[PDB]
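Quick heads-up: it's one chain on its own, the form deposited in one PDB entry, in structure tokens.
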């Protein structure tokens, strides 16, 4: 019933994902995108410095998928990462790892391109991973790599998934990830940012993520989160801490879109309630000692 050998080619892999997907109550494509992401994370996890410490920490939506699992998180399309060390050293090393491969997967990495960001001295970089399993093209994963900011790579959590184990690839998955305090600080800053009138802030989906991250903090002391918030808000020197969680007029339907698939969770059902929930969380953070 559980496969004893790894899949022999792509068709058998896709075929096994679909069977796991239906068996688990999940949409096939979501499961496949999640496996693609895990595979990319395993390439990133082999990148270490000369002490063995990870060079890349995953953040953003890919990280929330690994923390809460597929049923209890938004679909993540970006593989957001933070590089402890710099520039094309990260790209050349991922092309290296991708050529060597992992349990039959290989990957090619398109060329990096800078992106416009006001509060980042080093402009983050986007490119793409072209995955293949035993030769045959498998999937494509967008990747975003940003540079360290303050202490947001000082520590890391290590997260697992057994999705690959369900299709007969038994190797252990262990992905270094940015800690929750710094994930809260960066989402809080992005959801409250005012952008230049050429573009407008569409990030109502971060009101969902901030409610999920608050849930994951449990009863923990908030001083680490407050220090991370102060650090990121000062580092970036845009709006000051503590921010006001404003909603924009087009956010109601964007927020409703971000809640697809999460009816079973304890979430604000309207973007107003969500903004109120996140503002109380901001006050909670500001009060800690």
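Numbering follows the first chain given and starts at 1.
Just so it is clear, the following notes concern the form solved in complex with a small molecule, a form of the same protein that is not shown.
- No member of the trio 23, 130 and 141 reaches the small molecule in the deposited complex with any non-hydrogen atom inside 4.5 Å.
- Within this chain, residue 60 lines the site of the small molecule in the deposited complex, having a heavy atom no more than 4.5 Å away.
- The small molecule in the deposited complex is not approached by residue 68, whose heavy atoms all lie more than 4.5 angstroms from it.
- In the deposited complex, the small molecule sits beyond 4.5 Å of every heavy atom of residue 85.
- In the deposited complex, no heavy atom of residue 73 sits within 4.5 Å of the small molecule.
- The contact residue chosen from 171, 117, 89, 174 relative to the small molecule in the deposited complex is 117, the criterion being a non-hydrogen atom within 4.5 angstroms.
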